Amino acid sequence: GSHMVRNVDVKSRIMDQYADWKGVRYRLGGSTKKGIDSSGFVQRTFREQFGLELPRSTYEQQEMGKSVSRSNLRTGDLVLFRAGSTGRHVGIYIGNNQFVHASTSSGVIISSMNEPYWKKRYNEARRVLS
């Protein structure tokens, strides 16, 4: 079998994407720097940094990969929250109890998993990178 190293500087690649996208406003169904949503930001990040094709849907991203327990989160895992009007919101865990996401209140931003709003609404996590 293959013994090539894989999955790489995951944190630095996500931070590269964040550097270029920080502050981009929230727009439902958007996919550009003029405006992007939470699942769209996850889709773009995984395409551009990891070469993986994800759907632009929190509902479908919840099905991906394998489930991870909250205690076992690793950088690059998708974090899912029962938040907002439809009860669906996704971000990318970046370690140290932080996650990056396209937020409705602030656009693309880094938030803490311990912020009371997000801590109360955390639902599940998915691992996509082996």
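A residue's number is simply how far along the shown sequence it sits, counting from 1.
Taking the mean C-alpha B-factor of each stretch as recorded, 2-10 and 121-129 are not equal, and the higher mean is that of 2-10. Mean CA temperature factor is higher for 68-76 when stretches 44-52 and 68-76 are set side by side in the entry. The PDB entry gives the largest Cα B-factor of the residues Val90, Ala83, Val100, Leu28 to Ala83. Split the chain's modelled residues into thirds by C-alpha temperature factor. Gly23 is in the lowest one. Among all modelled residues in this chain, the alpha-carbon of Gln62 has a temperature factor (C-alpha) in the middle third. When the modelled residues of the chain are ordered by their C-alpha B factor, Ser105 lands in the middle third.
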